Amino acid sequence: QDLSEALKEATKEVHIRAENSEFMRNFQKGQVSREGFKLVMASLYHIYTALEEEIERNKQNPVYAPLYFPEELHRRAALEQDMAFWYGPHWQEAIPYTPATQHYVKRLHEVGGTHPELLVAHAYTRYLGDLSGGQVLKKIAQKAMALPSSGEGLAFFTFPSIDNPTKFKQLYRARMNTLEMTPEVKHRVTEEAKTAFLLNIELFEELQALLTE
């Protein structure tokens, strides 16, 4: 069984749970405020910072290297424009760093430092999602929050070096299938992908509590 297929199978059920999180329902219903959006976006800032720092540490390692697409995928410079937009010039000393965000960053550093062969799980989970449901979330954000088509505030959702997200995703899946793959690596990669989804679910449960409690 191809890694891309194995991953899709392993994560299809938790994906259902992820897209039907309370925070995400509210999001999809058009019920998303400036405050909430700022929270989530700050949290993603720390997360992709960690992910991308670990991608860079392992860019020449053959267990990840074929998935190394900084120009097309990396989100950090984008998230920097977005933080400046949402939090202002001094956003670096403004933005929150929640405990669930930290738990996520911490795992990212463990994977990147000790188990680089799983790093694919974490890039899969985030980047492919961004190129799928992220695109739908983007249109909802624009309508709900009156964000202009020029794109300010939504750099995270914008992939100017990818012309066709669908064909790119196909390319990425195919590449995933060229990684050296043993049963031990395949099993563990698909477990880590599930953990990645859970980390995301936990982040959203925490953001939603913060918006109420």
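The first residue of the shown sequence is 1; numbering continues from there. The term rigid core refers to the maximal set of C-alpha atoms that superpose within 1.5 Å between the two forms.
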| query | finding |
| --- | --- |
| Divergent stretch in 9 other deposited structures of this protein, 142-150 or 50-58 [C-alpha RMS, superposed by the core] | 142-150 |
| Core-aligned Cα RMS comparison in 9 other deposited structures of this protein - stretch that moves more, 126-134 or 80-88 | 126-134 |
| Between the two ranges 132-140 and 113-121, the one averaging a larger CA B factor in the entry | 132-140 |
| Between the two ranges 53-61 and 29-37, the one averaging a larger CA B factor in the entry | 29-37 |
| Residue of maximum C-alpha B factor among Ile162, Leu154, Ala42, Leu67, per deposited coordinates | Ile162 |
| CA B-factor placement of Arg126, once the chain's modelled residues are sorted into thirds | lowest |
| Where the record places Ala84 (Cα B-factor, split into thirds across the chain) | highest |
| Chain thirds of CA B-factor: placement of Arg107 | lowest |
| Chain thirds of CA B-factor: placement of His46 | lowest |
| Cα B factor band for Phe23 (lowest, middle or highest third within the chain) | highest |
